[PDB]
Amino acid sequence: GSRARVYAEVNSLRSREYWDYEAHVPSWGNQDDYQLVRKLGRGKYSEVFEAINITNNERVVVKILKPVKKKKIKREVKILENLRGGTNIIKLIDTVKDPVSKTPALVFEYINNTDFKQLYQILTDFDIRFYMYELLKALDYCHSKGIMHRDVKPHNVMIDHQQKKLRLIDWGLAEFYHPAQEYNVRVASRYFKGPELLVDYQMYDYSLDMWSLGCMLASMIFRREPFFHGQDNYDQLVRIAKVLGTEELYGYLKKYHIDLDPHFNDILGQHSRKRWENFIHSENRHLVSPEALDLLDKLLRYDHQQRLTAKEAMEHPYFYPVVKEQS
Ligand SMILES: Brc1c(Br)c(Br)c2[nH]nnc2c1Br
């Protein structure tokens, strides 16, 4: 068994209504107040548009939900309402429906995002510290609210680099944490999946998000994006093990008595744990410091229990320059 080191019982200590999303009854407003102006993208579950509220000229983002079990809509809506006002969490402005078709949509505050592929190649050392600190605020907040995001990745971290605004978006995979609950491991993008997911360990917690965070930090300070670039879920764990080491993986599996899919036997090979300094070269040296590597080493660990919490990460000396500037 395993449980979170922080906020483990927080949902059990709240009213059932807080976490019992199947019982939640959203108030669905009228989508006709919104004029769609540009398609921003599309996923399995939704289509996203930039829009204008015609009643007050507010620019927003509208996510129109594709056919799904209502349970998942209720989950995302209840999570977003529980996270209301949370630091650097995308603001849900309203839950609306087409008044005729009854197709639901979520209305979010607009962020003028800088494409991450471009942004990440121009970040300074301070920029990385700043944005990572701001992202950690969002994760600490949602964890404190009993919620795992489960899809942390660059595409889900909107950054307006001109106004220095960051928002964690795309809460459709997020769940409530309950001790001892077994969760679906089919969450997160491949490159950001924690080892626990890749070895089919279902008793995971908020610390999954801290692995994904760590992957982002590595990509930023080392300028290798994504940092662990697997070709499929099996290869993803191999890519991790080539850095963190295979004997170290087996120690993790043994501690938690994790059964390893035997297809891994033919592909993991034998790999030493690598020094993080091995990733430094002239193109990234100005982004890497002893403090950055110490932090990264404490995030990208197999053992989910031993990863820093979001709060512990925010307390790390790597962020002292940001704290100073904010004070
Ligand atoms: Br919510 C949201 C917001 Br806000 C912005 Br901006 C987006 N850009 N692409 N996809 C986006 C989503 Br989903």
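Because only heavy atoms are used, hydrogens play no part in the values below, and waters and symmetry mates are left out as well, while side chains stay in. Counting starts at 1 for both ligands and their atoms, following the listed order. When a residue number appears, it is its place in the shown sequence, counting from 1.
Protein heavy atom in closest approach to atom 2 (C) of ligand 1: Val61 CG1, 3.7 Å. Nearest protein heavy-atom neighbour of atom 10 (N) of ligand 1: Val48 CG1, 4.1 Å. In terms of protein heavy-atom proximity, atom 7 (C) of ligand 1 is closest to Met158 SD, 3.9 Å. Nearest protein heavy-atom neighbour of atom 12 (C) of ligand 1: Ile169 CD1, 3.7 Å.
In the hydrophobic cluster analysis, where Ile, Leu, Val, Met, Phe, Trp and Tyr join through side-chain heavy atoms closer than 4.5 angstrom, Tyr204 is grouped apart from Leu300.
Atoms of ligand 1 found under 4.0 Å from any heavy atom of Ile90, numbered from 1 in the order shown, are 4 (Br). Here is the list of ligand 1 atoms found below 4.0 Å of a heavy atom in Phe108: 1 (Br). In summary, the atoms of ligand 1 found under 4.0 Å from a heavy atom of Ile111, numbered by their order in the structure, are 6 (Br).
Counting heavy-atom neighbours within 6.0 Å of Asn278 CG, excluding the residue itself, gives a total above 12.
Note: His143 and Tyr177 fail the aromatic proximity criterion, with ring centroids not under 6.0 Å apart.
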* Applying side-chain contact (heavy atoms from CB on, under 4.5 Å), run through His304 and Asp205 and close with a yes or a no. => CA-CA 8 Å; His304 54 279; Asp205 61 69; 3.9 Å; yes

* **Step-by-step salt bridge (charged side-chain N to carboxylate O under 4.0 Å, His left out) determination, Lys298 to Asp294** => CA-CA 6 Å; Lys298 293 168 166 170; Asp294 185 67; 2.8 Å; yes

* To do: Evaluate the side chain to side chain donor-acceptor pair (under 3.5 Å) criterion for residues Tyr18 and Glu81: first the C-alpha distance (whole Å), next the side-chain angles of each, then the deciding distance (0.1 Å), finally the verdict.
  => CA-CA 10 Å; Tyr18 180 86; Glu81 297 175 337; over 6 Å; no

* For side-chain contact (heavy atoms from CB on, under 4.5 Å), just list the numbers for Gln326 and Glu134, CA-CA rounded to whole Å, side-chain angles, deciding distance to a tenth of an Å, and then say yes or no. => CA-CA 11 Å; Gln326 290 182 2; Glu134 295 301 311; 2.9 Å; yes

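At least one heavy atom of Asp170 sits less than 4.0 Å from an atom of ligand 1.
Counting heavy atoms closer than 4.0 Å to ligand 1, residue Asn113 contributes nothing at all. Residue contacts with ligand 1 for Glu109 involve N, CA, C or O but no side-chain atom from C-beta outward (heavy atoms, distance under 4.0 Å).
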